[PDB]
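Line by line, the protein sequences give chains X, U and K. The opening position of the first sequence corresponds to residue 2 in the authors' numbering, with each subsequent residue numbered one higher. The opening position of the second sequence corresponds to residue 12 in the authors' numbering, with each subsequent residue numbered one higher. The opening position of the third sequence corresponds to residue 1 in the authors' numbering, with each subsequent residue numbered one higher. By construction, the Cβ of each residue, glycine as well, lies at the ideal position given by its N, Cα and C atoms. Working notes, structure below.
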Amino acid sequence: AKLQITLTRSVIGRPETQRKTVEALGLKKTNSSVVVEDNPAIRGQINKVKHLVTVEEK
Amino acid sequence: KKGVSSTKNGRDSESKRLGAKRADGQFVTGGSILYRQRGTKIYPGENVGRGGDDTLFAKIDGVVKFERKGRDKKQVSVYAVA
Amino acid sequence: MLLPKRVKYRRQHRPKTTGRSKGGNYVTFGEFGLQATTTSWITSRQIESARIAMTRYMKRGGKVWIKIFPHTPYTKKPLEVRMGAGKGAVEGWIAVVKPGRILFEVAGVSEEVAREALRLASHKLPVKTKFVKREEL
RNA sequence: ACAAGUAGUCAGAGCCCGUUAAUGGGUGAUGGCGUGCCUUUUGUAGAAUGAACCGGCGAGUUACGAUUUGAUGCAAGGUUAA
RNA sequence: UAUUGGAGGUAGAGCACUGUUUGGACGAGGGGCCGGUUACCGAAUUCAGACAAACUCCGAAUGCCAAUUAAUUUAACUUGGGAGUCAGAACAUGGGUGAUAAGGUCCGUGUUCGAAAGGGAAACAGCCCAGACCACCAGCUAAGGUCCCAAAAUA
RNA sequence: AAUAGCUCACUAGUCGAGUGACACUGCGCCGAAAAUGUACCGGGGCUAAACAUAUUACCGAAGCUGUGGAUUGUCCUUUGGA
RNA sequence: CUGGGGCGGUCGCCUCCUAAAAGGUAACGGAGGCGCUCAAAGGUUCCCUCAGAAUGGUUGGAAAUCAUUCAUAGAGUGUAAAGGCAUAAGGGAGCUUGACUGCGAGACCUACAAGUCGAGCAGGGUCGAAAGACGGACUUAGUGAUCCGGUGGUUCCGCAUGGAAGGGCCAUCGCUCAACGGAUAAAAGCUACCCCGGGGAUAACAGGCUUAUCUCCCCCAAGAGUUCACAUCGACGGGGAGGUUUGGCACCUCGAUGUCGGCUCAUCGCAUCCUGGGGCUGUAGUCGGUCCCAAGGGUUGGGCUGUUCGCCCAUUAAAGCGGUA
RNA sequence: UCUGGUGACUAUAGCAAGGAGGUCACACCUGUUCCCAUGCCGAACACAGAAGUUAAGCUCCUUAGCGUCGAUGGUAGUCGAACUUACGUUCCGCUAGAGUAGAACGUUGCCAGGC
Ligand SMILES: [Mg+2]
Ligand SMILES: [Mg+2]
Ligand SMILES: [Mg+2]
Ligand SMILES: [Mg+2]
Ligand SMILES: [Mg+2]
């Protein structure tokens, strides 16, 4: 339904791909966060860069 | 810097940017090259022609679709509804 | 089991030595055999040498099958030369072994004699080995 | 006057002083951190180069023409040169 | 990014082609001799094995091109004025070259340094973590750690 | 130099519980010699202060929060706050 | 250009692999070709299918030609290689000249100049019954800007005017300008008499990395040694240590790090030359050989070469091997 | 579904072996006068016929011997991550090829006569 994503790891030292994905999710700085609606399109991006972020059911 | 030792193979040509030029699903205008080749990796199909250089170009406007011919060949088609 | 009689191209890119045995992992001809557990390049002089050792011990009793053939040529540049100016000339023929490959097969001789012969062969050889019997069951 | 120091900073007792009065000035036992500056380089504490120290002097300006931008006239016209 | 559609022949496998190869069947040619016999030797034909950057009956992962299209983001292109750059470096990974040498050399793909301070690695441009607008004698953590030097478990 | 042959083929009995081999592994041992001074833990030192597998704390940055302050940009006008 | 120059090789085009399954991608990397050829080896219409193999035979060097069933093309395609090809793009045969003129929507490539592919529209053809197909060779090399000069058209300009000389335009010719984006129409050398500006961007010295070579150590144990692998010595092979040699790399030093021998002075390692302790032995003791522990000390004087080294003459208990720019 | 045309489909479609059959359709056939047929053959090609004949080509049925198709599961490889310098290890996706079962002796539109 609704989930919460926070950038827990830094984006320095990661390929441009992973940083672009992080840009697409709308996360700006380390430990920044956003709330978006559960959606296979969004899950595709979280799964691609799960090692930098974390999820919550909020 | 060594001396007299010399090799008889330091030569090559300029590669030709062959291969695909359009994909399944995009609107090509007529004349658009779809696949520059040698011999026939892909034969022309509907509304597609064969250049002198084995080049494949659309006859008319439309979408492009790659398909199978028999058991191991490929052709190309163009369809106009747009 | 020394050299290919002819090859098309004689200066070949060196072989990949990372992974597992594509095949030849079973005793097909022999009764007891010898497989490898590391990887190295095995040269013709080493194979010939391990063979003489094995077959001196068996005292011309039973048969032997060498399962590795030296196919790849290798190059070495002439001495005291700088870098560049082409590729060097062929110095020997090789055949890459990787963990699992059987290197020698034997039959028609008792088990202990075969094990001793393959032991003596193992020391003339640059790869860790293992004694194996014809897989059954 | 038992100490190992690119010489500062930061933390601080003790001792003297008192201002452009403000949460003040001088010195600093002792602790923490800390290899000048320029040039040139992939990279310089560099044992690469340059300067002993102070002071003065010491390097993208001007003429004419083009191009572009800003500004200002007035506009199917605008403008004079000798 | 999710979902469709497609070009291509790498990794891996495989021997159907070009070859490279180890054993075993099976009949036979010039020829041991008198066209000969038998050994063989040059192959034909099989069965089991294997090898390959310039082999492929096969064939991924991923990259790439595009969509009737979605969802999240915020760039993108055109014209004009001004440039600097053409000595790169190391790590990780796919390869050539060398000797499966080099802090080697030449490419591809990231990252970092260059042009990056801060914490860790004793010290240590390139490694790990992380990008410094300016205070504060506030708080939480990452990599690394918690007996003393030296903040934290002699858990 | 013929040979001198006891003991583990072999067990009653000295007497009475065990004893060959095999794999596949976890951690060590040997192989192991170089030049000013320990000198191949940063030092002390460590039988855990090593290693493995869990668990729970805490420290740790100029990262990220907290409070105050610049300076630009985009919004609301909350002409002020975001 | 160049793993410093020099010497050798190379320089433009096409094909293949390296190239990591789009495209692209480098090395003095691994392989080869081109500077043409075809008036049919072009266009079109209609026909036809191949190499080899045996069941084989007038020849039968074997297989020439001929025969017959299988032949996935294993053959041919003018040439290098790679993609293709029985729709045949392969092989005949008949007509033929499209190996057209004027162009081109669009696309590919791409710094530029160039290069590549084009449906279609006119003009006039060829072949075919027609539909159609044909702006060269199955595709991809077979090439060279400009300036200049020549030749043929055109009748555009042409210096008061009419002509003309000269230009312009269109067509074409003349380059191993091959160092192939071509400095000129025209060009080889030595400087130890050298000079200036630069560089550790780049060599000689040593420092650093590596350890191919080099010194030493080991492992396996055929074997020699009466017998006997293992007193000693150890082949074929295999694994290492060291950083003393010959090198490789080009990282500090060219606004200077004096380089070889000898002299003076040493200092440190031990893989020990003597001396001390031992295990051994194919050691009866003296003898020697081997291995282990050992670095405290000691470890000559001369002849010959600049020599280090090495040889030689006398001694000594020994006349050690290396690091230290 | 017969029977003959003519598209369509990756041979699951095919090859072989066996067994039938002619519903006047198909062939083989029988001839060269003709249009024609050449190089080198009336073979072919063209044509004129129908006496013959299921013998073959053909069609229908059987059979997996061959060819073809081919999963599940496991494995190799690999995107990403975290360790690490090992000819590596772990976690997570994706996921071959070979082989094994099996599939399979085709379906099929239209047109014309059939029944
Ligand atoms: Mg200085
Ligand atoms: Mg100094
Ligand atoms: Mg000075
Ligand atoms: Mg000078
Ligand atoms: Mg100086």
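Is the distance from the Cβ of residue i to the Cβ of residue j below 7 Å?
i	j	result
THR129(K)	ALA53(K)	no
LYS13(U)	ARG82(K)	yes
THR38(K)	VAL127(K)	yes
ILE42(K)	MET1(K)	no
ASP23(U)	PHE77(U)	no
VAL36(X)	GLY27(X)	no
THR22(X)	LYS49(X)	yes
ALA107(K)	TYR57(K)	no
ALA50(K)	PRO70(K)	no
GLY86(K)	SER88(U)	no
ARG47(U)	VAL39(U)	no
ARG14(K)	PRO73(K)	no
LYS67(K)	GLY23(K)	no
Report all residues from its chain with a CB closer than 8 Å to the CB of residue i; omit the five preceding and five following residues, and keep chain order.
i	result
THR55(X)	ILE6, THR7, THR9
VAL27(K)	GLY33, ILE102, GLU105, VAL132, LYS133, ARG134, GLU135
residue 141(K)	Any question about residue 141(K) goes unanswered here, given that chain K covers just 1 to 137.
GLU38(X)	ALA2, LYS3, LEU4
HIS52(X)	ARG10
Between residue i and the rest of its own chain, which residues show a CB-CB distance below 6 Å, the 5 nearest in sequence each way excluded?
i	result
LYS76(K)	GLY88, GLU91
Given residue i, which residues of its chain have a CB within under 7 Å of its CB, disregarding the five upstream and five downstream residues?
i	result
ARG20(K)	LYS98, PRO99, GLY100
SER40(K)	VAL97, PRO126, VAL127
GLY41(U)	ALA69, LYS70, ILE71, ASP72
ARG79(U)	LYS85
Identify the continuous beta strand (DSSP E) that holds residue i and give its terminal residues.
i	result
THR43(K)	40-43
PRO73(K)	72-76
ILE47(X)	Where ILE47(X) is concerned, there is no enclosing beta strand (DSSP E), although the alpha helix (DSSP H) it sits in stretches over 41-49.
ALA2(X)	Careful: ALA2(X) lies outside any beta strand (DSSP E) and carries neither H nor E.
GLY73(U)	73-79
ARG47(U)	44-47
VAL96(K)	89-97
Could you please give the first and the last residue of the uninterrupted alpha helix (DSSP H) stretch that includes residue i?
i	result
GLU24(X)	17-25
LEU118(K)	111-123
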